[PDB]
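Only one chain comes next, encoded as structure tokens, the form deposited in one PDB entry.
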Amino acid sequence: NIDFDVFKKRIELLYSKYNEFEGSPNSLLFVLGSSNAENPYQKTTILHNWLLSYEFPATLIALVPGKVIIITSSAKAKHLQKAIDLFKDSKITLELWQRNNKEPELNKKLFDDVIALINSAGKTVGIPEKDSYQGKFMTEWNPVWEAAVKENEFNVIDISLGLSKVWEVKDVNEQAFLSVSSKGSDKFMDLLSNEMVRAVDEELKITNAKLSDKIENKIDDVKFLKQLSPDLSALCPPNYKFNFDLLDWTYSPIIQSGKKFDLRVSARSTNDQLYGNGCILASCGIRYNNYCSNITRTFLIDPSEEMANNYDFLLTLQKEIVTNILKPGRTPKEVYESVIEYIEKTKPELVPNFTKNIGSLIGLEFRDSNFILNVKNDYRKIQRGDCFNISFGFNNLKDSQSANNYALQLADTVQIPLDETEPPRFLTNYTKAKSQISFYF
């Protein structure tokens, strides 16, 4: 069940902002084909999650002056019917056009009709240009759209940056869902660290990938889910009941040890035997009601003194970033440059080893590519209500005591409160204390 008051406020917000996006689009057009679980964070899908809290496959949504048009099946139109009355009073009329797959002539007429309304709004049409969906609905739609662009002289422009700004600031309910997600990540991290220690202690034959898979699979263990429920349900926003079915993975858990450390988002657990010495990097990111979170911990197994000392600096760095650097009003570039400067002042020798970013805005997407915390983004300001995956590390560090280089990585989900007087709030709280992440065999 969909909160239509939320649907109404979010669609009205988008409607009020879009003509002021870059390029001044006269209309917006969002076409969703079949859902793909392996590619869940495209802008059109994000829009559906934001507006409705569910992805509606084989559905078109258009915004033009005065109207929101939804082309979808009878079943789906029935889920959305109650929304219509909300716009009866508003610049928007809501219109639900129902498809019928035994009437392909009607289905074509609907598509021609919406393109006519788009044409009437103006020549500039805003779409998320990187989005790609497959399936039967898209096979119908694609040639109709392509003909319209070519025949009507549509100027089709990207709106990803505009969308990113519209839904950037998290409302109080969204903040709650992010908190729930993050607590989930904490509890899986706790499991992960326990299973990892057991693996080393019991001399298990197990690869990094197999161990991370074990943790991933616990999301389907209803016994484990039951255990999770008290702590997660306490964090749900007022009037929203905790629901198991809304728990998912943002991405596959990762464990790294031994020969290979990769600090980029593209990293995946290797098929190498779990290496029970030195640095073990682990990352879990649970998703609750579409709200992504992330946590990365480094575990130290019989660490040399230099690994331990560099781990201490890693903690100090995170405290400096979150307490002093990551402030409303600042650009990602300014934040990242400030980080480099701090490292340059304290441990200059480690600058070449540092990650190229310190994470990104997080929310309905795991990583908003228009708000990565690196030097390339000089065009966004941090705002109160923003939530971040603050993730950084040092790779290719030299161990005098081992044949393997080592790495250190730390990530937490951090909320910037809406209230001016409140500091950044860690949503992920699983320990990072050196004595609690160090193990000796």
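For every residue, the number given is its place in the sequence shown, counted from 1. Think of the rigid core as the biggest set of C-alphas that the two forms share within 1.5 Å after superposition.
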In this entry, is the chain continuous from residue 89 to residue 90, or are deposited residues missing in between (none, 1 to 3, 4 to 9, 10 or more)? 1 to 3
Per the entry, where is the mean C-alpha temperature factor higher: 117-125 or 217-225? 217-225
Regarding 200-208 and 160-168, which shows the higher C-alpha temperature factor on average in the entry? 200-208
Going by the deposited entry, which of 412, 399, 378, 55 has the highest CA temperature factor? 399
Largest Cα B-factor, entry values, listed residues 282, 326, 94, 317: 94
Using the temperature factors of the C-alpha atoms in this entry, rank residue 421 within its chain: lowest, middle or highest third. highest
Consider only the C-alpha atoms of the modelled residues in this chain, order them by B-factor as the entry records it, and name the third containing residue 26: lowest, middle or highest. middle
Splitting the chain's C-alpha B-factors into thirds, which one does residue 174 fall into? lowest
Going by the recorded CA B-factors, say which third of the chain residue 37 sits in, lowest, middle or highest. highest
Can you tell me whether residue 98 has a C-alpha B-factor in the lowest, middle or highest third compared with the other modelled residues of the same chain? highest
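One more form of this protein exists, namely the form deposited in another entry; it is left out here, but the text below deals with it.
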Looking at 101, 323, 304, 316 between this form and the one not shown with the core superposed, the single C-alpha displaced by 2 Å or more is at 101
Quick check on residue 403: with the core superposed, does its CA move 2 angstroms or more between this form and the one not shown? yes
